[PDB]
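Right, one structure below, let's go through it.
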2 protein chains.
Amino acid sequence: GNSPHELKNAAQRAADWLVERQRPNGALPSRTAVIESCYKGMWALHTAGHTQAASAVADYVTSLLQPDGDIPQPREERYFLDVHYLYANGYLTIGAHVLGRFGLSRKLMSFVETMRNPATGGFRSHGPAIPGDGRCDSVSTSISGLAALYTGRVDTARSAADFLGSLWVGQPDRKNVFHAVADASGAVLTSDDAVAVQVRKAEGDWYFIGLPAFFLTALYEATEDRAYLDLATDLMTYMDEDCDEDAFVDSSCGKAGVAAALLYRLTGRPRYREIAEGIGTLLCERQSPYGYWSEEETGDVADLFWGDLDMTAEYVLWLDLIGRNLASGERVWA
Amino acid sequence: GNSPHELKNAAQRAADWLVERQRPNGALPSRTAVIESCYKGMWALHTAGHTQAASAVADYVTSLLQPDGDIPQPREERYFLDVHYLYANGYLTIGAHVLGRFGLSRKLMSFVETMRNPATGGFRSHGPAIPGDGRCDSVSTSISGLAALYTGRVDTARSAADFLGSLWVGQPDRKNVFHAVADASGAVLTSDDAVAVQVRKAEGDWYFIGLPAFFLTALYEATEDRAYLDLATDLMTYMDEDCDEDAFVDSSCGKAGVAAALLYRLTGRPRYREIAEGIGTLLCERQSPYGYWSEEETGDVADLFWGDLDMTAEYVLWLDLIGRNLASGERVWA
Ligand SMILES: [Mg+2]
Ligand SMILES: [Mg+2]
Ligand SMILES: [Mg+2]
């Protein structure tokens, strides 16, 4: 596998690619003007040290911010409407906070908390303008708990972990399916219209498990409460031992990669280093020669379809996080 | 002056200089192994995108962390013992937190809060092992409030600002001296053993005013409480109009420059941009050809006296912060 330094070199190439093509208003080079194209941009560009570019994204985001602290438009992808609406808001909060844009992060995080279910601790899947039944999902809840950790709302993070532990315990058929949604009372939803990961098939969706593993490990680091470490390690064993190989190969595997890298630094267990090395090396290998990532395109393009742009910023972030946790883990343990 | 891109270029050269010479345990290349040589390193290296080097400083800092969350040793400079002990801890808390080292930042911040005076909101000048009279100073209080902002302990930040307001209002002779310290009841200390800036002389110590200006401006951004913007504005007016021109020339002027850059982004007042540009250009002009900053050193050296190492990391941070607030200020206002 490639070294932590090589993972970082790859992240820097993509960050440079984004910055070279950033628009004057600060938007990143997407073929459609949608918030799901650049919600990871502030955090990703800041970790690459492109802080003026990251601040320009913050300027762009601030120009879209509504009085309630939400960015309800522009949104087109329905996963950002009724599956995990807050997935955009969570990265926006973290990126704003780490940049010191404390007014933006306060407003964003306060809106996120209006979508918290006080009884289960989960976060609602569908946004305010989107009809739904109050279901909460593992991804909305996980990213919201992580944003709460960065903004110091540790009680909210703990309550999100309560939701996740209940989702985990209540699974009716864990060998074959992970049902990632609970209803407004906290019962696991097995409806056809609720997100369900096919555990023993190569059909993606793994970040509904991997993002919880990352968040729970971060929450353990913040509190040293072993209950959170226990659930994170149980989720990682599940993805490693019980899920299809696709869990570490699909484009959504980066979340588990970060979780394994962090678990490695915190516990020193060698399997966690291997998982994170393997995932980081895989993302590095898929990078296009010109510096971005794309499902289908390979040329010297000037912009990307929103999903590739998001994936490109996302891998800047995961390669950086995997890199620094593996490098520190080697210093601490080896 | 110099463009925001030019300031960032100087910061990046200095960060590269540091990282090339960083030691295997994570320590920065100081001729003496003291915490005051590298307390700004986590945050500075993170802003430069050098996240593996920043995390390596975190590993080093973590190895020194005591059970109470303090790093009482190694310390040698008196200013880090009984003038502003917590000045190290404050940057360490911010750098740990933005790196996601949430256990480190929680423990560091919680120790910082045990040195808060609950009656005045000030932070004690002398560490637990250092005999003293409970006096509290503007720098300890300012950096501790800023660390509270990054960690989401906003009530602690607001209480720090209350202290700074009492210190400002209580000045007995502000046209001639800025007494930066108060006793444990919050009365301004005028004894000869208490830090006093000779504001009509070119004799340094300006950061006892400039760091408060920066913190209060960030606290305004977090809360939108104009009382904090008002006090920041009065301190910047004071430094610009009542203080010797050395206030924007001395090595400690970077704090004021950052406050001015931030105030420019928030208010658009052109005088703030001029102050920030003037200070950033001055720092960029003083940089060595190799990347470090030093009062006396001019060779291609492998290490530095702790004060020069601290100053080099410090200018990486301030040039980055000035540059991105000036670049976004231009986008918003120009
Ligand atoms: Mg570069
Ligand atoms: Mg099994
Ligand atoms: Mg080209």
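Protein chains get the first letters and strands the later ones, always in sequence-line order, with residue 1 at the start of each.
Between the CZ atom in B:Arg324 and the NE2 atom in A:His50 there is a gap of 14.0 Å [rounded to 0.5 Å]. Here the CG atom belonging to B:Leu99 is positioned 10.5 Å from the OG1 atom belonging to A:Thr47, to the nearest 0.5 angstrom.
Counting heavy-atom pairs closer than 4.5 Å to chain A, the top residue among B:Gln12, B:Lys8, B:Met109 is B:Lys8. Of the residues considered (A:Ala218, A:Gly49, A:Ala15), A:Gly49 shows the highest number of contacts with chain B, using heavy-atom pairs under 4.5 Å. The most heavy-atom pairs under 4.5 Å with chain B, out of A:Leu321, A:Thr223, A:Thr151, come from A:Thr151. By number of non-hydrogen pairs under 4.5 angstrom with chain B, the leading residue of A:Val98, A:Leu45, A:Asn25, A:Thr51 is A:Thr51. Here B:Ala56 is the residue among B:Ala58, B:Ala56, B:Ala54 with the most heavy-atom pairs under 4.5 Å with chain A.
Contacts of A:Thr62 with chain B are absent, with no heavy-atom separation under 4.5 Å from either backbone or side chain. With a 4.5 Å cut-off on non-hydrogen atoms, B:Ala48 touches chain A through its backbone but not through its side chain. When heavy atoms are compared at a cutoff of 4.5 Å, A:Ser55 approaches chain B by way of both its backbone and its side chain. Neither the backbone nor the side chain of A:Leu262 comes within less than 4.5 Å of any heavy atom of chain B. Neither the backbone nor the side chain of B:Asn325 comes within contact range of chain A; no heavy atoms are under 4.5 Å apart. Contacts between A:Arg153 and chain B at a heavy-atom distance below 4.5 Å are absent for every atom of the residue.
Of all heavy-atom pairs spanning A:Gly100 and B:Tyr150, the tightest one is CA-OH, 3.8 Å. A pairwise comparison of heavy atoms in B:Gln52 and A:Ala327 identifies OE1-CB, 4.0 Å as the closest pair.
Counting heavy-atom neighbours within 6.0 Å of A:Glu113 CD, excluding the residue itself, gives a total above 12.
Looking at B:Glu221 and A:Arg106, no side-chain N of the basic residue comes within less than 4.0 Å of a carboxylate O on the acidic one, giving no salt bridge.
Using modelled atom types, one finds no donor on one side chain facing an acceptor on the other under 3.5 Å when comparing B:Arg331 with A:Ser63.
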